[PDB]
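All Cβ positions, even for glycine, are placed from backbone atoms using ideal geometry, and neighbour counts span all protein chains on display. What follows is calculated from the coordinates using simple rules that are stated; it is not laboratory data.
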Amino acid sequence: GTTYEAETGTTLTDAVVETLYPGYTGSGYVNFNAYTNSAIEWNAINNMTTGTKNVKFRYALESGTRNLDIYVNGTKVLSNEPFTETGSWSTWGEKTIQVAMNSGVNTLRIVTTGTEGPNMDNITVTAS
Ligand SMILES: [Ca+2]
Ligand SMILES: [Ca+2]
């Protein structure tokens, strides 16, 4: 698998890099600021093969469920995917989705749709 930090190699839309809550990997995590249309886009996810991939998000969410649209290569492939609470802003949980990606370089973008977002540490991409 390959781990891609949320805070580096990404384009942020109404979302900022923060370090307030400890336990993140790399240099920080991404805090989504807007309830709708905050986004993190990974511009350079690089895969060995075309097929189903496990994308495992490491994130924190004190309480409640926050839903995100998920796009792969500009196309929306998940609609309001639920991210459930970890219990505390310094409890970093994991959520794994299964999505199709191509071999070579891909984009992945996650977007708030009404419930804002979890604080997003990183993703790890492995072949399913
Ligand atoms: Ca936020
Ligand atoms: Ca991070």
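In table form, for the structure just shown:
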quantity: Rel. contact order, % - alpha carbon contacts under 8 angstrom, at least six apart, the chain; calculated: 39 percent
quantity: Surrounding net charge for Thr8, when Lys and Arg each add one and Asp and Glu each subtract one, Cβ distance under 15 Å; calculated: -4
quantity: Packing-based exposure ordering (other Cβ within 10 Å, fewest first) of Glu116, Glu7; calculated: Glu116, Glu7
quantity: Residue-count net charge about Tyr71 - beta-carbon cut-off 13 Å; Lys, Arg +1, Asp, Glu -1; calculated: -1
quantity: Neighbourhood charge, 10 Å Cβ-Cβ cut-off, centred on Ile110 and excluding it, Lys, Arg +1 and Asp, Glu -1; calculated: -2
quantity: Exposure proxy order (Cβ contacts within 10 Å, fewest to most) of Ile70, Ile45, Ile123; calculated: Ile70, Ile45, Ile123
